[PDB]
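K.L.:
pasting the structure only:
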Ligand SMILES: *C(=O)/C=C\NC[C@H](O)CC=O
Ligand SMILES: [Cl-]
């Protein structure tokens, strides 16, 4: 069967490359799933920005904050990999702009400003617990959280826990309609990840994804696949302990995408 075939291929892929690979796939159409190390801990890196944006959107839904509120921040607050917030330091950015920069561009300062709005990393963890995720924990801000030391439980999630969060946020009732659509838009618009899961999917399919990258050869890609025919598919892919280049790591994630696409295609064909 297709799920067993996919799990077999993931075992071979992981061994060929000497990595630790964590994958959860859940197809809403057939209700089938497959996984590899899906309950093990993996460093989140930038994938936390999906939850941070969800938490801020949920506050806006309640009137606990406003997406139009302008946030001002200082030159000393700008951390590495901040392509949107860096150039806009003198002018400030609204909460909506920061959500968009964090998700679509993986802007690290934007992620940190969202965290500050939530009260810090503990606010992110508390939000995750409210979604029914008992595993994810954020302990540090960017870029300290990208250390990704093996054996360190700080700043980790599990592939299965993050797939559960994707379902709640994009397909369930965690957010109101307009907020759910905005988050989906930002994920679809991200051109980070063009050589990761996207590279293994058929060209007629679509993917809204949030990437991450960190120390110890950590490279992640999570999101929702919209196949040519049928219902959305949740995918959560975490790779770490790679001794190879980023290009080679991206190719491993592209092969995860091919494996997932073939299983979904078989589920669509019966
Ligand atoms: C998401 O993971 C955003 C950026 N990733 C790369 C790191 O910031 C590089 C330094 O830690
Ligand atoms: Cl939602």
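P.N.:
Done, it's in. Numbers count the residues shown, from 1 in each chain. Ligands and ions are numbered 1, 2, ... in the order given.
K.L.:
quick one: the residue of the stretch 151-270 of the chain with the smallest separation from ligand 2 and residue 169, what's the gap?
P.N.:
Using C-beta to the ion, the single residue of the stretch 151-270 of the chain nearest to ligand 2 is residue 175, 3.5 Å away. The C-beta positions use only the backbone N, C-alpha and C, and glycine is treated the same way. Distance, residue 175 to residue 169, using C-beta to C-beta, to the nearest Å: 6 Å.
K.L.:
can I assume the residue of the stretch 151-270 of the chain closest to ligand 2 is in contact with residue 57?
P.N.:
Yes - applying C-beta atoms under 8 Å, one finds residue 175 in contact with residue 57, separated by 5.5 Å.
K.L.:
what do those two both touch?
P.N.:
Here residue 175 and residue 57 have residue 183 as joint contacts, going by C-beta atoms under 8 Å, 6 or more residues apart in numbering.
K.L.:
Among residue 175 and residue 169, which residue is more densely surrounded?
P.N.:
Taking neighbours as other C-beta atoms under 10 Å, residue 175 and residue 169 compare with residue 169 leading, 25 against 22.
K.L.:
List phi and psi for the more buried one.
P.N.:
phi -80, psi -40 (degrees, to the nearest 10).
K.L.:
Might one say that it is in contact with residue 54?
P.N.:
Yes - with contact defined as C-beta under 8 Å, residue 169 reaches residue 54; the gap is 4.8 Å.
K.L.:
Now for these two: what residues contact both?
P.N.:
Common neighbours of residue 169 and residue 54 (C-beta under 8 Å, 6+ apart) are 131, 175, 183.
K.L.:
Need these in TSV (columns: secondary structure).
P.N.:
Conversion of these to TSV gives the following (DSSP: H, G, I helix; E, B strand; the rest coil):
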residue	secondary structure
131	coil
175	coil
183	helix
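K.L.:
Turn those into TSV, columns for distance to ligand 1.
P.N.:
Converted to TSV, those look like this (distance: C-beta to the nearest ligand atom, whole Å):
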residue	distance to ligand 1
131	21
175	22
183	17
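K.L.:
The single longest helix found in the chain - contacts with which helices or strands?
P.N.:
Ranked by number of residues, the top helix in the chain under DSSP state H is helix 246-269. In this structure, helix 246-269 packs against helix 2-17, strand 20-27, helix 197-200, strand 218-226, strand 233-240, with contacts taken as 3 or more C-beta pairs under 8 Å, 6 or more residues apart in numbering; DSSP states H and E.
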